[PDB]
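Colleague: heads up, no residue letters with this:
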RNA sequence: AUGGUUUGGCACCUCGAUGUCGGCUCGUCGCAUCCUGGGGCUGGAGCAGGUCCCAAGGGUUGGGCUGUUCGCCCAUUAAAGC
RNA sequence: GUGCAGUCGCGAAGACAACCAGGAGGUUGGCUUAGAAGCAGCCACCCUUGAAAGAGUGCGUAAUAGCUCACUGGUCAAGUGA
């Protein structure tokens, strides 16, 4: 879970959502998974 | 159902024989030697070949005509390819020989007529930097 | 799928129905590009087999003389015209339909009069 | 590196950061430009970084204009010295940049790559900025 | 050249000053000026949305058939007064026009270009000075660049015109320069 | 929206008690509960369906309408048929059996692991490496199934652990 | 951009006195965590790890040289915190 | 993330999504190849049956294969992307 204030949809399948007041990037590739914080 | 470009009177370079099709369990000898026989009866070019495998390793061998660029390499005088297509234009090629090639690529390709075959092959020439004048 | 291009498609539909003798729509489900290549390399001499848009035919169908076929827009519109003989067409569609065992024929229509499955088999025979 | 070959007066006051642009509020020589929004002093090294950012993002061919030149110096004075006793020497050179002013102009065909390049060059600078087309 | 001169309701101004003008811009109008050989400088307020539709449609130089005080009038847009940041339209000068007049004009070119691979274009200029008729100003001087090679300096006295239109910028100009295209190693030696 | 406006089919012996907002559905498998909030109305479509209705088209309503519809759909669907997930134990010397209601695993630990059946679900083993989880409350079913799934820390090298029947897991190689 | 511990900038209270480096004893506080505890990714096979998140409850050695803080070394340690 | 005012692109000729099927032959374009086959990279980036097919967008293979997408019609149906 790369924690960074900059997250992006790296690949074509990274979807950007918002849980509980935190931005997240969910993807089938766990290298890509990340969030603000 | 796997396809390759194999040299005419030769056999057993590892990458063009082993990894793509020599792993799947169709044996080296019978295919390669019947194909050497047939391909030296052709003795024409590096003939491409495709293999249809059925449910019991039954392999059927289909031969083709050699590539368009190689046909140009042998016919049109383009002995080496131009690293800058459309900028160094060292080929002036004749619609005559391109039309014999068009007859060949009609008996091979989706060609509509000899004209459309000539246009197709000239288009590959356009892409690889071969100016059919 | 721009509008005047859909008008062009309408023109194609009418200009082939009225410029051909036989006309039957069929179906394709279980058929691919290479099979179409076999077909249109073999019987492309005089046959006319293509595919078109149902929702486009919904507006194209009142420009030609097909005023009796305003109910058969359920199923993909795979058009079969021929310009010459009338028994070659449906029998040839049967040839290829058994060559693949995927091509269905919807119905029968030749010079206005509606014809069913067994009628189309009789059309093969004659 | 960008510097002048000689200035008459090599110790100048600090430029002003008051007012909006009068010129350079219009793309001139390319197609895709950069426009500032704030007041800031932009130096030599920043502009070098930015032009390199652009040339490593188009990489082949497509031209880049720099409508700015650092022709106004600033004076650091050496370290751990009590205030007073003169005015330090020029060490780095700025250009003032008032809002509305245009810095860079690209000429590359595809807008995708061009807009991306200008963005990479924006993130090498201290100012909020935006991207411009020559159109109205 | 079958132009439809756009129509616009304009009303003369009560107050002429900075406060009034800002209040007008705020409300959603744009002040404007009208003059020429009318020799009676009128001060108007147009409506900005309508004005922008007119411009976006028919280019910047675009004749107008105004409606002043119930009476109608004919005008041309000579000059605009734009803001840099917001890119509003702060003020607009308007030259009265009778039909059949020769007034000088400055329009924009359009590089319709697809070149050889080893080619790049450079637009040294956008704006060319012209005299034409009133109702017959163009919108886009289309210049085509296709099939051409490296250096081909498109001069200004090479563009195709209407019939009855004259070039008045000097024919020395480089409207375009077709450069020999750069190297990735030439891009290191430009501005360092 | 496109889901929240649809009416919901309702077969024969399917008794739906609309006690205001509180809803409760009886069928041969049980009598399930459901509740909803004050805003949205639960009208019974008197063709033999149920339909949701909302006053506003605001954020909350647009959100909550469709939810309620999908829930009641699952509800009646379960009480007709049910739900039954299938799970499959890939591994070496791994195994599953049953002890009455409660289920027993062998997953390489030094002690075996068991699970307490909750009230509303039952286990069903078809082979030592293959079983199911049959229930009605889809929440509960997938809950317990995933709890099982998370026992073994995943291992994408050799393919050990538990798998949902159609789970196409990822894989790598440690060649050396 | 932080933090305000470092070398410094200003000189605002204290020069009719605010006793200054280090050590000892004695604490107590922060977490930007050395170990223990939970965890996500791996160019993580396994043992060992690398980096990141949460986390302060407890613990966080004795010795040689130097007045020395800092440091280096020896022998151990779950660990030898800022 | 919302609420407001714009302008733009597409929509009962059926928008966007979804789901069935296609997703082609020149061709393993040229160079560089160890391998460079649609996919470290450099240049060109046209042509044809077709209803649609990019010198191919991503992932995967040392190279291939392969999962795929971009472009097309099908079953249902009002709005949807900048």
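Modeller: Noted; the coordinates are in hand. Residues are numbered from 1 along each chain as shown, chains lettered A, B, ... in the order given.

Colleague: who in chain D is up against RNA strand H?
Modeller: Residues of chain D that fall close to RNA strand H, judged by C-beta under 7 Å from any atom of the strand: D:59, D:60. Where you see a C-beta, it was placed from the backbone N, CA and C, and this is true even at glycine.

Colleague: Kindly report the residues of chain D close to RNA strand G.
Modeller: Checking chain D against RNA strand G by C-beta under 7 Å from any atom of the strand, the hits are D:79, D:80, D:81, D:82, D:83, D:84.

Colleague: could the residues you listed go into a markdown table alongside secondary structure and neighbour count?
Modeller: Shown next, in a markdown table, are the residues of chain D next to RNA strand G (DSSP: H, G, I helix; E, B strand; the rest coil; neighbours: other C-beta atoms under 10 Å in any protein chain shown):
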| residue | secondary structure | neighbour count |
| --- | --- | --- |
| D:79 | coil | 5 |
| D:80 | coil | 4 |
| D:81 | coil | 10 |
| D:82 | coil | 5 |
| D:83 | coil | 5 |
| D:84 | coil | 5 |
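
Colleague: ok, so of those residues, who is nearest residue F:36?
Modeller: Of all these, residue D:79 has the smallest distance to residue F:36: 71.7 Å, by C-beta to C-beta.

Colleague: The longest strand seen in chain D close to chain E?
Modeller: The single longest strand within chain D, with elements called by DSSP state E, is strand D:89-97. No. On the criterion C-beta under 8 Å from any C-beta of the partner chain, strand D:89-97 is out of touch with chain E, staying 12.9 Å away.

Colleague: Partner strands of that strand and their direction?
Modeller: Partners of strand D:89-97 in the sheet, by DSSP bridges, are strand D:40-43 (antiparallel), strand D:72-76 (antiparallel).

Colleague: Go through those and pick out the most buried.
Modeller: The highest mean neighbour count among those, using mean count of other C-beta atoms under 10 Å in any protein chain shown, belongs to strand D:40-43: a mean of 19.

Colleague: contact partners of that strand?
Modeller: Defining contact as C-beta atoms under 8 Å, 6 or more residues apart in numbering or on different chains, one finds that strand D:40-43 is touched by D:15, D:17, D:68, D:70, D:74, D:92-97, D:103, D:125-127.

Colleague: so which of these comes closest to RNA strand H?
Modeller: Closest approach between the contacts of strand D:40-43 and RNA strand H, by C-beta to the nearest atom of the strand: residue D:127, at 23.2 Å.

Colleague: can you tell me how far the closest one sits from residue D:45?
Modeller: 15 Å (C-beta to C-beta, to the nearest Å).

Colleague: Please apply the same query to residue F:109.
Modeller: According to C-beta to C-beta, residue F:109 and residue D:45 sit 61 Å apart.

Colleague: Dihedrals phi and psi, residue E:44?
Modeller: Phi and psi for residue E:44, reported as degrees, to the nearest 10, are phi -130, psi 170.

Colleague: ok, it - contacts?
Modeller: Neighbour list for residue E:44: E:10, E:11, E:12, E:13, E:31, E:32, E:33, E:34, E:66, E:68, E:94 [criterion: C-beta under 8 Å, 6+ apart].

Colleague: Wait, the third one touches residue E:69, no?
Modeller: Translated: residue E:12. Yes. Using C-beta atoms under 8 Å, residue E:12 is in contact with residue E:69, at 6.4 Å.

Colleague: From chain E, how far off is residue B:50?
Modeller: Applying C-beta to the nearest C-beta, to the nearest Å, the value for residue B:50 to chain E is 35 Å.

Colleague: in which helix or strand would I find that residue?
Modeller: Residue B:50 is part of strand B:48-53, with elements assigned from DSSP states H and E.

Colleague: ditto for residue D:103
Modeller: Using DSSP H and E, residue D:103 maps to strand D:102-107.

Colleague: Contacts only, for the closest residue to RNA strand G within chain E.
Modeller: Proximity of chain E to RNA strand G (C-beta to the nearest atom of the strand) peaks at residue E:85, 21.0 Å away. Contact partners of residue E:85, counting by C-beta under 8 Å, 6+ apart, are D:20, D:37, D:99, D:100.

Colleague: just so I have it, where are all the strands in the chain?
Modeller: Unless you meant another one, I'm taking chain A. A:2-3, A:15-19, A:22-26, A:34-35.

Colleague: nope, chain E please
Modeller: Using DSSP E, the strands of chain E run over E:6-12, E:29-35, E:42-47, E:64-68, E:71-81, E:91-96, E:103-114, E:120-122, E:127-132, E:140-146, E:166-167, E:177-179.

Colleague: Quick one, which of these gets closest to residue C:98.
Modeller: Per C-beta to C-beta, nearest to residue C:98 of the strands of chain E: strand E:103-114, 50.8 Å.

Colleague: Listing partners with orientation, what would you give for that closest one?
Modeller: If you go by DSSP bridges, strand E:103-114 pairs up with strand E:127-132 (antiparallel), strand E:140-146 (parallel).

Colleague: ok, and what's touching the first one?
Modeller: Right, the one you point to is strand E:127-132. By C-beta under 8 Å, 6+ apart, strand E:127-132 touches E:102-109, E:137-138, E:141, E:156, E:159, E:162, E:164-169, E:173, E:175.

Colleague: ChimeraX command to pick out the buried ones of the contacts of strand D:40-43?
Modeller: Selection command for ChimeraX covering only the buried members of those, criterion 16 or more other C-beta atoms under 10 Å in any protein chain shown:
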select /D:68,70,74,93,94,95,96,97,103,125,127
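
Colleague: which residues pair with the residue nearest the centre of chain D across the strands?
Modeller: In chain D, the C-alpha nearest the mean C-alpha coordinate belongs to residue D:42, at 4.9 Å (C-alpha atoms, centre = their mean). Beta-bridge partners for residue D:42, by DSSP bridges, are residue D:95.

Colleague: just checking, what packs against the strand or helix carrying residue F:144?
Modeller: Using DSSP H and E, residue F:144 sits in helix F:138-149. Applying 3 or more C-beta pairs under 8 Å, 6 or more residues apart in numbering or on different chains; DSSP states H and E, one finds that helix F:138-149 contacts strand F:83-90, strand F:113-115, strand F:121-127, strand F:130-135, strand F:161-164.

Colleague: Residue 37 - how many residues pack around it?
Modeller: In the absence of a named chain, this looks at chain A. Per other C-beta atoms under 10 Å in any protein chain shown, the neighbour tally for residue A:37 reads 10.

Colleague: that's the wrong chain, I meant chain D
Modeller: Counted by other C-beta under 10 Å, the residues lying close to residue D:37 total 14.

Colleague: And residue F:9, its phi and psi?
Modeller: With angles defined as degrees, to the nearest 10, residue F:9 sits at phi -60, psi 160.

Colleague: For it, which non-adjacent residue is spatially closest?
Modeller: residue F:49 (5.9 Å; C-beta to C-beta, 6 or more residues apart in numbering or on different chains).

Colleague: Next: residue C:31.
Modeller: Of all residues not flanking residue C:31 in the chain, residue C:102 sits nearest, at 5.1 Å (C-beta to C-beta, 6+ apart).

Colleague: quick one: the one you found from residue B:97, how far?
Modeller: According to C-beta to C-beta, residue C:102 stands 43 Å off from residue B:97.

Colleague: can stretch F:111-118 be found next to RNA strand G?
Modeller: No. Judged by C-beta under 7 Å from any atom of the strand, stretch F:111-118 makes no contact with RNA strand G; its nearest approach is 14.5 Å.

Colleague: Enumerate every residue touching residue F:85.
Modeller: Applying C-beta under 8 Å, 6+ apart, we find residue F:85 in contact with F:132, F:133, F:134, F:141, F:142, F:145, F:164, F:165.

Colleague: What number of neighbouring residues does the fifth one come out with?
Modeller: Put plainly, it is residue F:142. By the measure other C-beta under 10 Å, the count of residues near residue F:142 is 16.

Colleague: tell me the most buried of the strands of chain A?
Modeller: Most buried of these, by mean neighbour count (mean count of other C-beta under 10 Å): strand A:34-35, with a mean of 18.

Colleague: if we look at it, which residues are touching it?
Modeller: If you take C-beta under 8 Å, 6+ apart as the criterion, strand A:34-35 is touched by A:1, A:2, A:3, A:4, A:7, A:22, A:23, A:24, A:25.
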